[PDB]
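Visitor: My structure is stored as work_5.cif, with mmCIF, C-alpha atoms.
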data_query
loop_
_atom_site.group_PDB
_atom_site.id
_atom_site.type_symbol
_atom_site.label_atom_id
_atom_site.label_comp_id
_atom_site.auth_asym_id
_atom_site.auth_seq_id
_atom_site.Cartn_x
_atom_site.Cartn_y
_atom_site.Cartn_z
ATOM 1 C CA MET Z 24 84.538 75.918 68.367
ATOM 2 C CA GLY Z 25 85.923 78.783 66.199
ATOM 3 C CA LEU Z 26 85.631 82.467 67.103
ATOM 4 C CA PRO Z 27 82.599 83.426 69.203
ATOM 5 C CA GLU Z 28 79.577 85.022 67.492
ATOM 6 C CA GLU Z 29 79.064 88.769 67.707
ATOM 7 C CA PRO Z 30 76.418 89.416 70.439
ATOM 8 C CA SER Z 31 72.910 89.949 69.161
ATOM 9 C CA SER Z 32 71.056 93.243 69.831
ATOM 10 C CA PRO Z 33 68.175 92.785 72.334
ATOM 11 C CA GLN Z 34 64.547 93.144 71.105
ATOM 12 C CA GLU Z 35 63.935 95.147 74.348
ATOM 13 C CA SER Z 36 65.429 98.720 74.451
ATOM 14 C CA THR Z 37 65.355 98.752 78.302
ATOM 15 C CA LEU Z 38 68.323 100.259 80.255
ATOM 16 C CA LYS Z 39 69.193 96.720 81.529
ATOM 17 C CA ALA Z 40 68.925 95.003 78.053
ATOM 18 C CA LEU Z 41 71.101 97.777 76.487
ATOM 19 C CA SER Z 42 73.599 97.943 79.403
ATOM 20 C CA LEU Z 43 74.088 94.109 79.174
ATOM 21 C CA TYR Z 44 74.451 94.385 75.348
ATOM 22 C CA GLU Z 45 77.144 97.133 75.842
ATOM 23 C CA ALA Z 46 79.017 94.820 78.264
ATOM 24 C CA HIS Z 47 78.849 91.884 75.757
ATOM 25 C CA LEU Z 48 80.053 94.096 72.862
ATOM 26 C CA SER Z 49 83.025 95.463 74.943
ATOM 27 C CA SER Z 50 83.830 91.847 75.949
ATOM 28 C CA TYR Z 51 83.560 90.561 72.359
ATOM 29 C CA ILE Z 52 85.902 93.347 71.134
ATOM 30 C CA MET Z 53 88.433 92.337 73.834
ATOM 31 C CA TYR Z 54 88.174 88.655 72.713
ATOM 32 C CA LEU Z 55 88.875 89.633 69.058
ATOM 33 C CA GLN Z 56 91.675 92.081 69.958
ATOM 34 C CA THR Z 57 93.360 89.475 72.223
ATOM 35 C CA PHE Z 58 93.012 86.831 69.476
ATOM 36 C CA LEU Z 59 94.605 89.257 66.906
ATOM 37 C CA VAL Z 60 97.475 90.250 69.291
ATOM 38 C CA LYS Z 61 98.239 86.582 70.313
ATOM 39 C CA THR Z 62 98.090 85.386 66.653
ATOM 40 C CA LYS Z 63 100.493 88.247 65.585
ATOM 41 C CA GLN Z 64 102.968 87.050 68.304
ATOM 42 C CA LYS Z 65 102.985 83.434 66.899
ATOM 43 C CA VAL Z 66 103.290 84.430 63.157
ATOM 44 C CA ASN Z 67 104.917 87.944 62.996
ATOM 45 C CA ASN Z 68 105.682 88.205 59.238
ATOM 46 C CA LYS Z 69 105.638 91.915 58.098
ATOM 47 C CA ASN Z 70 102.449 90.966 56.090
ATOM 48 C CA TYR Z 71 100.375 90.737 59.378
ATOM 49 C CA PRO Z 72 97.343 93.092 58.945
ATOM 50 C CA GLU Z 73 97.062 96.493 60.757
ATOM 51 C CA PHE Z 74 94.234 96.906 63.353
ATOM 52 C CA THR Z 75 92.974 99.789 65.558
ATOM 53 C CA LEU Z 76 93.084 98.987 69.328
ATOM 54 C CA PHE Z 77 89.760 100.230 70.765
ATOM 55 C CA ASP Z 78 90.041 103.665 72.437
ATOM 56 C CA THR Z 79 87.920 103.504 75.658
ATOM 57 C CA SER Z 80 88.104 107.372 75.835
ATOM 58 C CA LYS Z 81 85.337 107.280 73.106
ATOM 59 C CA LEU Z 82 83.003 105.655 75.698
ATOM 60 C CA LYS Z 83 80.634 107.765 77.915
ATOM 61 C CA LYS Z 84 80.827 106.806 81.649
ATOM 62 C CA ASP Z 85 77.448 108.108 82.993
ATOM 63 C CA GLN Z 86 74.868 105.198 82.665
ATOM 64 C CA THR Z 87 72.293 107.391 80.761
ATOM 65 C CA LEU Z 88 70.138 105.323 78.304
ATOM 66 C CA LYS Z 89 71.369 107.988 75.812
ATOM 67 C CA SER Z 90 75.094 107.448 76.674
ATOM 68 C CA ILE Z 91 74.637 103.595 76.597
ATOM 69 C CA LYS Z 92 73.024 103.748 73.113
ATOM 70 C CA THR Z 93 75.948 106.056 71.998
ATOM 71 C CA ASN Z 94 78.585 103.608 73.369
ATOM 72 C CA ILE Z 95 76.765 100.694 71.566
ATOM 73 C CA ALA Z 96 77.178 102.637 68.284
ATOM 74 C CA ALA Z 97 80.904 103.232 68.927
ATOM 75 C CA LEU Z 98 81.517 99.571 69.825
ATOM 76 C CA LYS Z 99 79.535 98.307 66.752
ATOM 77 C CA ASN Z 100 81.584 100.651 64.483
ATOM 78 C CA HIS Z 101 84.840 99.201 65.963
ATOM 79 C CA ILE Z 102 83.608 95.604 65.464
ATOM 80 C CA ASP Z 103 83.029 96.440 61.786
ATOM 81 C CA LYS Z 104 86.785 97.354 61.591
ATOM 82 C CA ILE Z 105 88.271 94.325 63.390
ATOM 83 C CA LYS Z 106 85.853 91.340 62.917
ATOM 84 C CA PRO Z 107 86.787 90.760 59.256
ATOM 85 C CA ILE Z 108 90.529 90.863 60.106
ATOM 86 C CA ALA Z 109 90.050 88.487 63.090
ATOM 87 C CA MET Z 110 88.106 86.022 60.900
ATOM 88 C CA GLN Z 111 90.797 86.095 58.136
ATOM 89 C CA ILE Z 112 93.668 85.558 60.626
ATOM 90 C CA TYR Z 113 91.723 82.668 62.290
ATOM 91 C CA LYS Z 114 91.435 80.944 58.880
ATOM 92 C CA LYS Z 115 95.025 81.759 57.813
ATOM 93 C CA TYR Z 116 96.440 80.085 60.964
ATOM 94 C CA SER Z 117 93.893 77.177 61.329
ATOM 95 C CA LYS Z 118 94.784 76.164 57.703
ATOM 96 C CA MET X 24 73.231 84.777 73.349
ATOM 97 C CA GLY X 25 74.633 84.672 76.934
ATOM 98 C CA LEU X 26 78.333 84.363 77.762
ATOM 99 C CA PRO X 27 80.459 82.508 75.202
ATOM 100 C CA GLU X 28 81.417 78.867 75.863
ATOM 101 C CA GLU X 29 84.884 78.045 77.150
ATOM 102 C CA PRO X 30 86.979 76.853 74.138
ATOM 103 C CA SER X 31 87.245 73.109 73.768
ATOM 104 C CA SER X 32 90.661 71.363 73.892
ATOM 105 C CA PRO X 33 91.700 69.996 70.453
ATOM 106 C CA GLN X 34 91.848 66.190 69.912
ATOM 107 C CA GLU X 35 95.158 66.859 68.041
ATOM 108 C CA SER X 36 98.205 67.784 70.246
ATOM 109 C CA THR X 37 99.990 69.446 67.266
ATOM 110 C CA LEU X 38 101.892 72.763 67.789
ATOM 111 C CA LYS X 39 99.248 74.545 65.612
ATOM 112 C CA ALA X 40 96.180 72.956 67.392
ATOM 113 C CA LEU X 41 97.689 73.833 70.832
ATOM 114 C CA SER X 42 98.894 77.334 69.798
ATOM 115 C CA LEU X 43 95.346 78.139 68.473
ATOM 116 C CA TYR X 44 93.814 76.705 71.704
ATOM 117 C CA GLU X 45 96.181 78.968 73.782
ATOM 118 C CA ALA X 46 95.035 82.001 71.730
ATOM 119 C CA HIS X 47 91.318 81.089 72.262
ATOM 120 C CA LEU X 48 91.830 80.578 76.029
ATOM 121 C CA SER X 49 93.667 83.973 76.393
ATOM 122 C CA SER X 50 90.840 85.585 74.359
ATOM 123 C CA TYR X 51 88.101 83.892 76.419
ATOM 124 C CA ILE X 52 89.758 85.067 79.679
ATOM 125 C CA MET X 53 89.820 88.645 78.297
ATOM 126 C CA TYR X 54 86.082 88.368 77.385
ATOM 127 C CA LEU X 55 85.212 87.223 80.954
ATOM 128 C CA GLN X 56 87.488 89.801 82.635
ATOM 129 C CA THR X 57 86.031 92.633 80.486
ATOM 130 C CA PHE X 58 82.482 91.419 81.252
ATOM 131 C CA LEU X 59 83.291 91.370 85.042
ATOM 132 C CA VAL X 60 84.945 94.859 84.958
ATOM 133 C CA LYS X 61 82.083 96.449 82.869
ATOM 134 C CA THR X 62 79.379 94.819 85.079
ATOM 135 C CA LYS X 63 81.168 96.110 88.278
ATOM 136 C CA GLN X 64 81.079 99.670 86.772
ATOM 137 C CA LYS X 65 77.241 99.502 86.234
ATOM 138 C CA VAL X 66 76.390 97.965 89.698
ATOM 139 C CA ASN X 67 79.251 98.896 92.142
ATOM 140 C CA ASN X 68 77.694 97.850 95.497
ATOM 141 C CA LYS X 69 80.463 96.838 98.022
ATOM 142 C CA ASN X 70 79.052 93.232 97.692
ATOM 143 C CA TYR X 71 80.564 92.905 94.118
ATOM 144 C CA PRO X 72 82.775 89.737 94.133
ATOM 145 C CA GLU X 73 86.636 89.882 94.142
ATOM 146 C CA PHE X 74 88.482 88.496 91.047
ATOM 147 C CA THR X 75 92.169 88.016 90.075
ATOM 148 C CA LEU X 76 93.159 89.908 86.865
ATOM 149 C CA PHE X 77 95.267 87.460 84.809
ATOM 150 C CA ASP X 78 99.034 88.034 85.196
ATOM 151 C CA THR X 79 100.581 87.627 81.683
ATOM 152 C CA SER X 80 104.063 87.389 83.370
ATOM 153 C CA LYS X 81 103.038 83.727 84.171
ATOM 154 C CA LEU X 82 103.027 83.029 80.387
ATOM 155 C CA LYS X 83 106.154 81.669 78.554
ATOM 156 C CA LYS X 84 106.980 83.638 75.339
ATOM 157 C CA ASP X 85 109.104 81.092 73.356
ATOM 158 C CA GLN X 86 106.656 79.023 71.128
ATOM 159 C CA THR X 87 108.007 75.618 72.410
ATOM 160 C CA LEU X 88 105.293 72.863 72.391
ATOM 161 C CA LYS X 89 106.386 72.501 76.065
ATOM 162 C CA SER X 90 105.901 76.250 76.851
ATOM 163 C CA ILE X 91 102.507 76.289 74.970
ATOM 164 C CA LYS X 92 101.233 73.276 76.986
ATOM 165 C CA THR X 93 102.456 75.075 80.209
ATOM 166 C CA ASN X 94 100.631 78.328 79.251
ATOM 167 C CA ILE X 95 97.429 76.269 78.501
ATOM 168 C CA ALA X 96 97.614 74.917 82.086
ATOM 169 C CA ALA X 97 98.034 78.428 83.552
ATOM 170 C CA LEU X 98 95.138 79.828 81.492
ATOM 171 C CA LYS X 99 92.836 76.849 82.388
ATOM 172 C CA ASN X 100 93.660 77.351 86.117
ATOM 173 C CA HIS X 101 92.702 81.076 85.806
ATOM 174 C CA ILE X 102 89.425 80.208 84.012
ATOM 175 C CA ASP X 103 88.556 77.938 86.954
ATOM 176 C CA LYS X 104 88.875 81.060 89.221
ATOM 177 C CA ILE X 105 86.854 83.558 87.150
ATOM 178 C CA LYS X 106 84.257 81.577 85.073
ATOM 179 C CA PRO X 107 81.982 80.829 88.052
ATOM 180 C CA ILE X 108 82.058 84.508 89.144
ATOM 181 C CA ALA X 109 81.364 85.721 85.563
ATOM 182 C CA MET X 110 78.396 83.322 85.256
ATOM 183 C CA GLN X 111 76.919 84.450 88.636
ATOM 184 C CA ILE X 112 77.267 88.176 87.783
ATOM 185 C CA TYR X 113 75.675 87.563 84.321
ATOM 186 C CA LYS X 114 72.632 85.988 86.037
ATOM 187 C CA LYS X 115 72.484 88.582 88.854
ATOM 188 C CA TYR X 116 72.283 91.459 86.320
ATOM 189 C CA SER X 117 70.149 89.731 83.576
ATOM 190 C CA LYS X 118 67.511 89.014 86.313
#
Produce structure tokens that represent the structure in this file.
Guide:
Amino acid sequence: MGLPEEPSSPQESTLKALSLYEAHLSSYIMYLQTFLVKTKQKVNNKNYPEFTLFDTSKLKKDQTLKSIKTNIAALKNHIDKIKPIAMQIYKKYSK
Amino acid sequence: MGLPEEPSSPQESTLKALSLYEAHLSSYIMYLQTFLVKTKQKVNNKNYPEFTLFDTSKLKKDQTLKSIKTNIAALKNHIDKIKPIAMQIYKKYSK
């Protein structure tokens, strides 16, 4: 069924909507990172693209609506780095 | 968009079809595990269900069609342990 879709942002900016969205984004990053690491293992030519592993030290741990919104930003910025690479490696190796 | 769907098994039992399926299954497990760990952090009542973290030492590293098929089995057995828990925690906390 191909790679999973990036989670969609809730309409509702409630603590629970945003907390769930943070969890999905973290989970989606881990799917993409795992896919990139496992695909590197199977075809490990020196050409294999370079990716940042997400640094969880950039995530606030305190459950504030403010800290959740800040984490969402950090996760979205990381997705923008790795999603295009994941999608290119998926195509390269499903060819 | 809810939790992602478990990857579907290819029709084709080719090395490439099975290797890609192994990568998706590993990636899907990491999505579910991350979702379970992040959801435990947000609601950490003593009731929170108990899950096995996947042991990558149970995975063969040698790219044999035989070793890939064996890894697929191990990953599918782990999904059967954690998918129902992930789906229940998703509902509990999207309530």
Visitor: Out of Z:38, Z:53, Z:112, Z:48, which residue has the shortest atom-to-atom distance to chain X when counting all atoms listed in the file?
Guide: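 The answer is Z:53, which sits nearest to chain X.
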Visitor: Can you translate the PyMOL selection byres ((chain X and resi 76) around 9) into the concrete residues it hits in this file, as a list in words?
Guide: residues 56, 74, 75, 77, 78, 101 and 105 of chain X
Visitor: Could you work out which residues of chain X fall inside 6 Å of chain Z? Count only C-alpha atoms, and format the result as an MDAnalysis selection string.
Guide: chainID X and resid 46 50 53:54 57:58 61
Visitor: Taking the file above as input, evaluate the PyMOL selection byres ((chain X and resi 97) around 12) and report the hits as an NGL selection string.
Guide: :X and (45 or 48-49 or 52 or 77-83 or 90-96 or 98-104)
Visitor: Rounded to one decimal place, report the atom CA of residue 88 of chain Z-atom CA of residue 72 of chain X distance in Å.
Guide: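 It comes out at 25.6 Å.
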Visitor: Go ahead and compute the interatomic distance for atom CA of residue 111 of chain X and atom CA of residue 109 of chain Z, in Å to one decimal.
Guide: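 Computing it gives 29.0 Å between the two atoms.
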Visitor: Between atom CA of residue 69 of chain X and atom CA of residue 106 of chain X, what is the distance in Å, rounded to a tenth?
Guide: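 We find that atom CA of residue 69 of chain X and atom CA of residue 106 of chain X lie 20.4 Å from each other.
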Visitor: Once 6 Å is added on each side, what centre and edge lengths in Å to one decimal does the axis-aligned box around all listed atoms of segment 90-106 of chain Z have, as lines of an AutoDock Vina configuration file?
Guide:
center_x = 80.6
center_y = 99.4
center_z = 69.1
size_x = 27.2
size_y = 28.1
size_z = 27.1
